[PDB]
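Reviewing the structure listed below.
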Amino acid sequence: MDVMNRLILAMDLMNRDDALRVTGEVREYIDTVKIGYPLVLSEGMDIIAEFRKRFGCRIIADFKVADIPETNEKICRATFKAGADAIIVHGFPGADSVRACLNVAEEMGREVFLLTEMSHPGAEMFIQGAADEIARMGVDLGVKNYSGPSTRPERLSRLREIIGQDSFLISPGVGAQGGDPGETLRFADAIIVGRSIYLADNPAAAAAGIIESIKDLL
Amino acid sequence: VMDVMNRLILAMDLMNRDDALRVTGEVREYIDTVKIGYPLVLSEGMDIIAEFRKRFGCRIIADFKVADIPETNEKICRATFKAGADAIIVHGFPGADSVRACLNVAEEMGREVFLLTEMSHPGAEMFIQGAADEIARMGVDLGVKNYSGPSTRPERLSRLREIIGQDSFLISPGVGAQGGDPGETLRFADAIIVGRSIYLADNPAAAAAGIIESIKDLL
Ligand SMILES: O=c1cc(O)n([C@@H]2O[C@H](COP(=O)(O)O)[C@@H](O)[C@H]2O)c(=O)[nH]1
Ligand SMILES: O=c1cc(O)n([C@@H]2O[C@H](COP(=O)(O)O)[C@@H](O)[C@H]2O)c(=O)[nH]1
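Chains as they are written, first to last, in PDB author numbering: chain B, 9 to 226; chain A, 8 to 226.
Set out below in structure tokens:
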């Protein structure tokens, strides 16, 4: 997956007008948008097609899929029907639940991103202790796309070690949560950035600024 | 705690509005509490909650297995309660801050959180099972009053009931299609969740009535 400027916009605004306006303002800097439940549950799954129509960006559906296999399959089918190119799936619920998503993605020509360790403080309680094993499970299952935490570069580096240089790794927690763009890109292929861009006085300038700070990494 | 008619919650995971409405309407005399998850919501929109309330007047549990960072969890809960859900199901494995974010919105909006502890499917044994007792204890410490645990593992369901105490409300999926027994599950759970055994039946109303007949002495 070739992500422009190694930068994925986390579009978590919850109003269609604002989400479209802000995304349009930064469109010259990105070609990949992560759309999650804040926007989808506020404006409907049709928002995905609207983004494709307006911006011709790739869309990652950040749905943190975390159900039993049968339900996971249904969620993935509905998500890909809406035009998402990829979906983010939790590894913590186990291998059968991940495989269910992999199967639908294969059937529909899409990608699964396996979320190993999360970026927020609560991730330390249960997820962190399982994360290396979740990553190995990904490798065993043939997963090629992963998410790990910008807020813990030593953990992000370990995840990169487990999955190898050929796998694709994206990383949230940059900016608002404390992660550094350049340090994160030592290990991740692409950074996810939400609030530092979409809550900025000038989102275009914010995106341009981040890209300037990593210009040697492009 | 919510008064679930017949101790039976319908997991409405059909993905078409017409079928979902038909089946729910057919079992309405037996069930006043419906769990609506992402299979239906992602297919038909959040307005499906509005339509269920309008048509059936059933309580709605939004089964969204909320599993994000605190800031995103808050947004998800706000959107879900805005649409009219009575309650939302939240994962505990992402930790206490993520759960607290959901509790804070539920408190502000006058709605409820259900904390998902252990899950019912085989994969739950890999990571969730080993964290589940602590997730439940965390819930108790945070003031969580509503929980979900697995019908498919009676020994685990019993332990989770012990941890949360008799006053907490416990619902349990995995009954029927996944192998759990209604009566045995109700030894520990306040209510059972049933999906496919009802909604894939030739006669969903007869399926629901049959389940209820089998647990009549527990009502
Ligand atoms: O570990 C993770 C995984 C995520 O998907 N995310 C998501 O990435 C985005 C981070 O946005 P922000 O840059 O505003 O912190 C949010 O959409 C959040 O749901 C995260 O923050 N941490
Ligand atoms: O541990 C759990 C938690 C759940 O919410 N569920 C949900 O409960 C329902 C089970 O439906 P069924 O009776 O068709 O197996 C599904 O909606 C599933 O997503 C589960 O099966 N196991």
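Just so it is clear, CB atoms sit at the ideal spot from N, CA and C, and this is done for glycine as well.
Chain A residues whose Cβ lies nearer than 8 Å to that of residue i
i	result
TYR45(B)	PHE71, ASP75, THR79, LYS82, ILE83, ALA86
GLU169(B)	What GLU169(B) touches in chain A: nothing, since even the nearest Cβ is about 20 Å away.
Endpoints, the beta strand (DSSP E) within which residue i is located
i	result
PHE176(B)	176-179
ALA94(A)	94-98
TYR154(B)	153-155
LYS42(A)	40-44
Per DSSP, the bridge partner or partners of residue i
i	result
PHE71(B)	DSSP lists no partner for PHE71(B).
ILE199(A)	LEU15(A), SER179(A)
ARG66(A)	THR40(A)
Residue range of the unbroken alpha helix (DSSP H) whose run includes residue i
i	result
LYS82(A)	77-89
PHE121(B)	Here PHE121(B) belongs to no alpha helix (DSSP H); instead the beta strand (DSSP E) covers 119-123.
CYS109(B)	103-116
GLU141(B)	135-149
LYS61(A)	54-63
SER221(B)	211-221
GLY190(B)	189-192
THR31(B)	24-33
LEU167(B)	161-171
Span separating the alpha-carbon of residue i from that of residue j
i	j	result
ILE205(A)	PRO180(A)	13 Å
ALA214(A)	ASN23(A)	20 Å
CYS84(B)	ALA18(B)	20 Å
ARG66(B)	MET12(B)	10 Å
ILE43(A)	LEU177(A)	17 Å
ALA113(B)	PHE88(B)	8 Å
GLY186(B)	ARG203(B)	12 Å
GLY64(B)	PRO157(A)	43 Å
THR192(A)	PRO46(B)	35 Å
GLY99(A)	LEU164(A)	16 Å
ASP93(B)	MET9(B)	11 Å
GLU33(B)	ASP26(B)	10 Å
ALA216(B)	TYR37(B)	7 Å
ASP197(B)	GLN173(B)	9 Å
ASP224(A)	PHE195(A)	15 Å
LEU167(A)	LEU49(B)	31 Å
Contact set between residue i and chain A, taken where Cβ atoms lie within less than 9 Å
i	result
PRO161(B)	Within 9 Å Cβ-Cβ: nothing; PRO161(B) doesn't reach chain A, min ~18 Å.
Neighbouring residues, chain B, relative to residue i (Cβ below 7 Å)
i	result
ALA131(A)	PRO101, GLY102
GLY150(A)	Neighbours of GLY150(A) on chain B: none; closest Cβ ~16 Å, over 7 Å.
Contact list for residue i against chain B, beta-carbon separation under 9 Å
i	result
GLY52(A)	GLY52, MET53, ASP54
Contacts of residue i in chain A (Cβ-Cβ under 7 Å)
i	result
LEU49(B)	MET53, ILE83, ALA86, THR87
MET22(B)	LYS82, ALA86
residue 4(B)	Lying before the first or after the last residue shown, residue 4(B) is absent from chain B, which here runs from 9 to 226.
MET126(B)	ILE76, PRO101
Under 8 Å from the C-beta of residue i: neighbouring residues of chain B
i	result
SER105(A)	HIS128, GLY130
Proximity test, residue i beta-carbon vs ligand 3 heavy atom, cut-off 7 Å
i	result
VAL34(B)	Looking at this structure, you won't find ligand 3 anywhere; what it does contain is ligand 1 and ligand 2.
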